[PDB]
Every structure is written in structure tokens, then in C-alpha cells.
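This report refers to the structure that appears directly beneath it.
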Amino acid sequence: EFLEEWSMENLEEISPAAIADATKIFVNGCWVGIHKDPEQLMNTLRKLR
């Protein structure tokens with residue numbers, strides 16, 4: 001849930017010509033989206049943990 005309100009583009013609502021310069025987000029094995037700013041997402045997830 002938290003990833004989807006933190007602006008994670010899903011797999012169905014995206015064009016594959018905008019996936020080269022984006023980070024693959026996995027959760028527990030399955031690929032669930034991409035993201036365009038992985039450091040603010042990363043330390044935000046850490047300070048929520």
C-alpha cells in the first residue's frame with residue numbers, strides 16, 4: 001500500500017520505453033513496479049523501519 005501512494009508506477013500503466021533509467025522495485029519476489037528517485041524512497045523506507 002505505502003509504495004503506491006509514494007508514486008510507484010505499476011507494470012500495466014507504463015510504456016517499456018521508459019524503463020531503462022528507472023529502478024525495479026521488488027516485494028518478496030515478484031516485480032511490482034519501477035521508481036525514478038530510489039534514494040529518497042530508500043532512506044524514507046529506512047526511517048520508517
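Scheme for the C-alpha cells: letters A, B, ... for chains in order shown; per-chain residue numbers from 1; ligand numbers from 1 in order shown.
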
Check the DSSP output for the backbone and give back, as a short mmCIF file (atom, residue, chain, number, x, y, z; two decimals) with N, CA, C and O atoms, in the first residue's frame, the residues of range 5-48 of chain A in strand (DSSP E or B).
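As a result, out.cif now contains:
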```
data_model
loop_
_atom_site.label_atom_id
_atom_site.label_comp_id
_atom_site.auth_asym_id
_atom_site.auth_seq_id
_atom_site.Cartn_x
_atom_site.Cartn_y
_atom_site.Cartn_z
N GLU A 9 5.14 3.73 -10.24
CA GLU A 9 4.40 3.37 -11.44
C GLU A 9 4.32 1.86 -11.57
O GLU A 9 5.33 1.17 -11.51
N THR A 23 14.32 2.42 -11.63
CA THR A 23 14.71 1.36 -10.72
C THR A 23 13.58 0.35 -10.55
O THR A 23 12.43 0.73 -10.34
N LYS A 24 13.92 -0.93 -10.64
CA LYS A 24 12.96 -2.02 -10.47
C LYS A 24 12.70 -2.22 -8.99
O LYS A 24 13.63 -2.45 -8.22
N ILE A 25 11.44 -2.15 -8.58
CA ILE A 25 11.05 -2.37 -7.19
C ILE A 25 10.49 -3.77 -7.06
O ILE A 25 9.50 -4.11 -7.72
N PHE A 26 11.09 -4.59 -6.23
CA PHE A 26 10.53 -5.90 -5.96
C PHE A 26 9.95 -5.88 -4.55
O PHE A 26 10.39 -5.11 -3.70
N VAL A 27 8.96 -6.73 -4.32
CA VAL A 27 8.48 -7.02 -2.97
C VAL A 27 8.33 -8.53 -2.89
O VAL A 27 7.48 -9.10 -3.58
N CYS A 30 8.20 -10.91 -6.36
CA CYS A 30 7.51 -10.50 -7.57
C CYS A 30 7.79 -9.04 -7.88
O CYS A 30 7.78 -8.20 -6.98
N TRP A 31 8.04 -8.75 -9.14
CA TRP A 31 8.31 -7.39 -9.57
C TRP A 31 7.01 -6.61 -9.68
O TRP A 31 6.09 -7.03 -10.39
N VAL A 32 6.93 -5.48 -8.97
CA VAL A 32 5.68 -4.78 -8.74
C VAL A 32 5.68 -3.36 -9.28
O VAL A 32 4.66 -2.68 -9.18
N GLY A 33 6.78 -2.87 -9.83
CA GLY A 33 6.80 -1.52 -10.34
C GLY A 33 8.22 -1.02 -10.53
O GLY A 33 9.19 -1.76 -10.40
N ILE A 34 8.32 0.27 -10.88
CA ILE A 34 9.59 0.98 -11.03
C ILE A 34 9.50 2.29 -10.26
O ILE A 34 8.45 2.66 -9.75
N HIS A 35 10.63 3.01 -10.18
CA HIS A 35 10.66 4.30 -9.49
C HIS A 35 11.79 5.14 -10.05
O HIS A 35 12.80 4.61 -10.53
#
```

DSSP alpha helix (DSSP H) residues within chain A, listed as a tab-separated table (two decimals) with C-alpha atoms, in the first residue's frame:
```tsv
chain	number	residue	atom	x	y	z
A	38	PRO	CA	15.48	5.49	-5.36
A	39	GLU	CA	17.48	7.29	-2.66
A	40	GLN	CA	14.64	9.33	-1.13
A	41	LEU	CA	12.49	6.21	-1.30
A	42	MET	CA	15.33	4.23	0.27
A	43	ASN	CA	16.05	6.37	3.31
A	44	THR	CA	12.34	7.09	3.73
A	45	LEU	CA	11.75	3.33	3.94
A	46	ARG	CA	14.68	3.03	6.37
A	47	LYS	CA	13.45	5.77	8.70
A	48	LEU	CA	10.03	4.14	8.64
```

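With CA of residue 16 in chain A on one side and CA of residue 28 in chain A on the other, the separation reads 22.7 Å.
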
Any idea what the distance is between CA of residue 1 in chain A and CA of residue 19 in chain A?
-> 21.9 Å

Using CA of residue 36 in chain A and CA of residue 10 in chain A as the two end points, give the distance in Å to one decimal.
->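 So the answer is 12.3 Å.
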